[PDB]
Visitor: 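Take a look at this one; I'll ask things after.
Each residue takes its place number in the sequence, starting with 1. Both counts, for ligands and for their atoms, begin at 1 and track the order of listing.
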Amino acid sequence: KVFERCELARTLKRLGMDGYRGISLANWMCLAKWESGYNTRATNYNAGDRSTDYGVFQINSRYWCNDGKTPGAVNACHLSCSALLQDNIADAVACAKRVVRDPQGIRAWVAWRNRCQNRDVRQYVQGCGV
Ligand code: NA
């Protein structure tokens, strides 16, 4: 499913992402935007290390979900990577919450540093009523 901007914003709020571990909703929106373009079925194979990024937040199979084909991988979210490709983003959110409970927080995603950190991210949630 390709979410509309404000549709996703309101969905994330309902799922308790606003301010989760100090991360504002606009930051999560900035992250989803750059990681997948708000697309839940987005996948990206990293030929360099044999891992794959899954879903709206592009969560990596090496540590977060299990896809069976990633060498020496772990499954911290305790989910099949397929759960991160559903239209219902509940599981992806629960896993994103797990990721940020690690010390790096939102910084775990390199894209967030590149496109969101120290930027005016208000644009991602404006007019959405959140
Ligand atoms: Na994993």
Side-chain angles (χ1 to χ4, degrees):
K1 167 182 180 178
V2 179
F3 274 90
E4 294 237 290
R5 185 176 63 97
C6 294
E7 180 195 2
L8 178 63
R10 293 190 291 269
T11 301
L12 292 182
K13 193 176 191 301
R14 201 177 303 120
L15 293 168
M17 291 291 252
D18 198 13
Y20 189 80
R21 288 283 286 176
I23 306 157
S24 78
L25 185 59
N27 274 293
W28 288 114
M29 286 297 292
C30 183
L31 175 70
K33 162 70 169 54
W34 294 100
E35 286 301 345
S36 64
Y38 310 138
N39 186 3
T40 65
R41 69 120 54 193
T43 52
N44 269 88
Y45 180 69
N46 306 293
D49 77 333
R50 301 188 182 272
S51 70
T52 304
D53 295 319
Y54 295 89
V56 80
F57 297 122
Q58 287 290 275
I59 291 171
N60 194 266
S61 60
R62 178 146 273 100
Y63 314 101
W64 316 103
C65 63
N66 175 50
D67 65 4
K69 54 173 174 57
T70 309
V74 288
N75 181 6
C77 290
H78 306 115
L79 292 169
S80 161
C81 295
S82 64
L84 308 171
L85 300 173
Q86 302 176 79
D87 278 357
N88 185 298
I89 65 163
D91 294 321
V93 164
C95 186
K97 284 181 174 175
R98 170 64 188 85
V99 173
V100 303
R101 288 201 293 271
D102 263 21
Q104 292 191 280
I106 191 78
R107 248 154 287 238
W109 285 272
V110 180
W112 181 85
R113 298 188 197 127
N114 299 347
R115 347 288 303 216
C116 309
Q117 183 181 165
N118 305 140
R119 297 200 196 238
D120 186 0
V121 295
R122 285 164 152 74
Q123 65 185 283
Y124 300 99
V125 294
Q126 295 316 270
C128 302
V130 295

Visitor: Sequence neighbours left out, what pairs pass salt bridge (charged side-chain N to carboxylate O under 4.0 Å, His left out) with at least one residue falling in residues 92-108?
Guide: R98-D102
Visitor: Inspect the contact between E7 and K1 and indicate whether a charged nitrogen and a carboxylate oxygen are less than 4.0 angstrom apart.
Guide: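 A salt bridge is present here (some side-chain N lies under 4.0 Å from a carboxylate O).
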Visitor: Determine, stepwise, if the pair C77 / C65 fulfils disulfide bond (SG atoms under 2.5 Å apart).
Guide: CA-CA 6 Å; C77 290; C65 63; over 6 Å; no
Visitor: Anything protein N/O/S under 3.0 Å from the Na ion (ligand 1)? Just list residue and atom, please.
Guide: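 Protein N, O or S atoms closer than 3.0 Å to the Na ion (ligand 1): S61 O, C65 N, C65 O, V74 O.
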Visitor: Same cluster or not: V2 versus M29, using hydrophobic residues (I, L, V, M, F, W, Y) connected whenever any side-chain heavy atoms lie under 4.5 Å apart?
Guide: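 No, no single cluster joins them.
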Visitor: Are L84 and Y45 connected into the same hydrophobic cluster when the rule is that any two of I, L, V, M, F, W, Y join if their side-chain heavy atoms are below 4.5 Å apart?
Guide: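 The answer is no; the residues belong to distinct hydrophobic clusters.
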Visitor: What's the verdict on side chain to side chain donor-acceptor pair (under 3.5 Å) for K69 and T52, showing C-alpha distance, side-chain angles and the deciding distance?
Guide: CA-CA 9 Å; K69 54 173 174 57; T52 304; 3.3 Å; yes
